[PDB]
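Structure record follows, encoded as structure tokens.
Protein chains in written order, with the authors' numbering: chain h, 55 to 108; chain PA, 1643 to 1679, 1789 to 1798; chain u, 4 to 28, 51 to 132; chain m, 13 to 124; chain g, 10 to 175; chain n, 147 to 194; chain z, 480 to 500, 525 to 600; chain d, 163 to 192; chain s, 63 to 102, 111 to 122, 127 to 137, 146 to 159; chain f, 7 to 123.
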């Protein structure tokens, strides 16, 4: 279901996505409570390893 | 299984990498005259 | 100790370089720099006054290591010979406690 | 020749002391092959003193032993593994040295 | 450029993919030149290379490290005072380069003397440590001897215990 | 130019024994599972 | 490289002094013309081996100091060479854990 | 351990990737 | 020379920071005249000599008489 | 050259000498696969203390976009038709002295979904 649900939304009329480019602004070692809670506990404290990995 | 760190790991080379050439050895500048007219992303854990 | 001596020699220079730098770049600065240099120089002297001329290190070193090997062998023998007989105690003295236990349980 | 074999094997064993290279090999699937475990078993000749005399980076030998347990190679594919092992290695190293130094200095200064 | 994080497993492992008896044996102790890392790191060498190779020697073969280190400490303070003297008279004089070069020369001889001390310390450590080990073994043996007598003391205590019950 | 301290006990552990007794053991405790005892000590502990 | 701020300069004094540091100074060691192997060709005199193990040898087994306190290589010597409250603490030469 | 060793300090206990790349196993195999 | 160490004394020199150029080149009179003038300009002298362009003059510095006389006509108004 | 998104290039010797203009220089090197030996960015390596080469006349150029002093240094590839006219081509981001190409939104999502399916 969610494979097809996701796919239909994607192929429905939408702005071009290959256009946009994801770029990271800041990486800091300070403890992150917002980031962690938002990613449901996984991947916290946006370190250096995490941007090449993700 | 390990300390504060992204809770995810992958297959092998998220991206494969490469490298430059042997640096110790290389050429020279050989120039000529005009003729005649902050933080630290180091492994050491932060406090 | 030796790492401290090397760091002290390097610092003795640190206060020279720093002193001259400050100069080129008021009286209290020169006073404290002078005191710093003199203090660390005297510390380097009293630290050098430690490591000695020294002697042996072979002739006496070799003789001492050979004697130590012999004495280590003899001490190992003495400690084991005691140990074979030490473990001997617990071996059948715990079986004597088990004989008492067997006689008590058989009643 | 045997000289090139010796040199390449020495370089490889000294390189094995790197957790990054170990995670590299584990992710690339070199450990799963039954040829690499036999190569590791053959590489145990470095424990001899005549061979250990040429080892500049000695931290490898102990690591090599772990690679024989057959559970170290199944794990370590994770990057957190290399993270943790390099953390503990550098921590042991630097803390041992600087902590001995600082403890001696602080005790000498406080006792006076 | 073209190179990656080094070529991956090859050659010896290809050889190793065999069975029972087929793999090649270990290499012999190449007692000559090798290439670990990038440095040659060839065998047959000393610990503290003589300062004669690469630099001048301002110290005679008597080399009573303790006395010469004390002289070198003095030369360095006096040379600093002379460098200040070049600053009084002519900052641009040619001697300024020499004085700056001469003080560095002195700081290097002190490190060569420190390098003599490090083996003087290796030799002393090889000599001792087994002296502490020696004392610890004798003390552990005395403890066992005393413990056994005390265990025999317990044996005689048990003998007293039989009359103690009777 | 500064030369540093020798390995000393470390070099001794290197040349004589191979089992590195330095750094942390937590590596083995967290990554390698323990090897089980045979009947020799199974029943021995049983009787103690 | 300008530095020279009163605060920046003041940090330099404390850091440099910390690494470095009535005499309470070590007893002056007279030079020995004969050494145990080359100087006195005394080779091994069992006496020398006995002296190093238990006797107090001023420079082979320890540092004498003044006031009579004897500090062995393993021990750390606390001494006050300058006439000031601050005391040079010399850490152990051997430092065997 | 270096006296000045610091968290940013590059020197490390493994054989170091950079030394593996310039190392014979890395180049001679290629 | 058993002592060693013991390096060269610099030797006295006349070029020093001591002598101000006032004394070094004997311009002690130029500085006095400068101080006197400061206590007391070219534009003022020019405005006094005359009634009362500079960029054009700077740029210039960086870089048939009978017919001219007769050509006078068709002006002066 | 198979997939520029799946390549990473580095040089440990260059990593200690790194901060701002240094980044532009490292990218400028040559061996970096992303850097072209043609275009205009090659001729800025030939030019000296240039301060406006991308405007008056134009071409493919590489310019730093956002910078964090220790590690993060993002570079953008522009194609100018004329002065005051910029067309962004791609973005290459350098994390810890390791250069990657910024993944597209749609391309990354689709490939990773294919791995999941």
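Don't be surprised by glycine CBs; every beta carbon is placed ideally from N, CA and C.
In this structure, the CA atom of residue 46 of chain f is about 21 Å from the CA atom of residue 26 of chain f. Taking a Cβ-Cβ cut-off of 9 Å, the neighbours of residue 96 of chain m in chain PA comprise 1643, 1644, 1645 and 1647, given in sequence order. Taking one beta carbon from each stretch, the region 9-18 of chain f and the region 1656-1674 of chain PA have 3 or more pairs nearer than 8 Å; the two touch. The region 550-560 of chain z and the region 107-123 of chain g do not touch, with fewer than three beta-carbon pairs separated by less than 8 Å. When beta bridges are read from the DSSP output, residue 79 of chain f appears opposite f:73 and f:100. Cβ-Cβ distances below 6 Å link residue 60 of chain f to 67 and 86 in the same chain, with the five nearest sequence neighbours on each side left out; the list follows chain order.
DSSP links residue 575 of chain z through a beta bridge to z:565. Chain s places a beta carbon closer than 7 Å to that of residue 99 of chain g, counting this residue as a contact. When secondary structure is reduced to three states using DSSP, residue 14 of chain f falls in the strand class.
For residue 125 of chain g, the three-state secondary structure derived from DSSP is helix. Listed along the chain, the chain g residues whose CB falls inside 7 Å of the CB of residue 37 of chain f are 10. At least one CB atom of chain PA sits nearer than 7 Å to the CB of residue 169 of chain d. With respect to the 7 Å criterion, residue 132 of chain g and residue 82 of chain u are classified as neighbours on the basis of their beta carbons. For the set g:135, g:97 and g:167, the Cα lying nearest the Cα of residue 153 of chain n is the one of g:135. For residue 581 of chain z, there is no enclosing alpha helix (DSSP H); the residue is part of the beta strand (DSSP E) that begins and ends at 580-582. Against chain f, the CB of residue 72 of chain h has a partner CB under 7 Å away; the residue lies at that interface.
What residue 59 of chain h touches in chain f, judged by beta-carbon distance under 7 Å, is nothing: the nearest beta carbon there is about 12 Å away. In the structure shown, the three-state DSSP call for residue 109 of chain u is helix. Ranked by Cα distance from residue 157 of chain g, the options u:121, u:63, u:111 and u:126 are led by u:111.
Each residue's CA atom was taken as its position, placing residue 79 of chain u and residue 184 of chain n some 56 Å apart.
Note on geometry: alpha-carbon atoms of residue 184 of chain d and residue 78 of chain m lie some 27 Å from one another.
Around residue 35 of chain m, the same chain offers 88, 89, 90, 91, 93 and 94 as residues with beta carbons nearer than 8 Å, after the five sequence neighbours per side are excluded. Assignment of beta-bridge partners to residue 592 of chain z by DSSP yields z:581.
Under the Cβ distance rule, residue 1793 of chain PA counts among the residues neighbouring chain d, one pair being separated by less than 7 Å.
Closest option to residue 74 of chain h, judged by alpha-carbon separation, among f:108, f:22 and f:42: f:108.
As summarised for the region 18-56 of chain g, the continuous alpha helix (DSSP H) elements at least 4 residues long and confined to that stretch are 21-25, given in chain order. Within a 10 Å sphere around the beta-carbon of residue 187 of chain d sit 16 or more other beta-carbons, which makes this residue buried. Contact annotation: residue 491 of chain z and residue 123 of chain m have beta-carbon atoms that are not nearer than 7 Å.
Counting the other Cβ atoms within 10 Å of the Cβ of residue 83 of chain f gives 16 or more, which makes it buried.
Interface criterion met: the Cβ of residue 96 of chain u is under 7 Å from a Cβ in chain g. In this structure, the CA atom of residue 109 of chain m is about 36 Å from the CA atom of residue 48 of chain m.
Think of a sphere of 9 Å around the beta carbon of residue 6 of chain u: the chain n residues whose beta carbon falls inside it are 148, 150 and 151, in chain order. Looking from the CA of residue 74 of chain f, the closest CA among h:96, h:82 and h:105 belongs to h:82.
When secondary structure is reduced to three states using DSSP, residue 184 of chain d falls in the helix class. In the structure shown, the three-state DSSP call for residue 175 of chain n is helix. Within 9 Å of the CB of residue 131 of chain u, no CB atom of chain z is found; the nearest one sits about 55 Å away.
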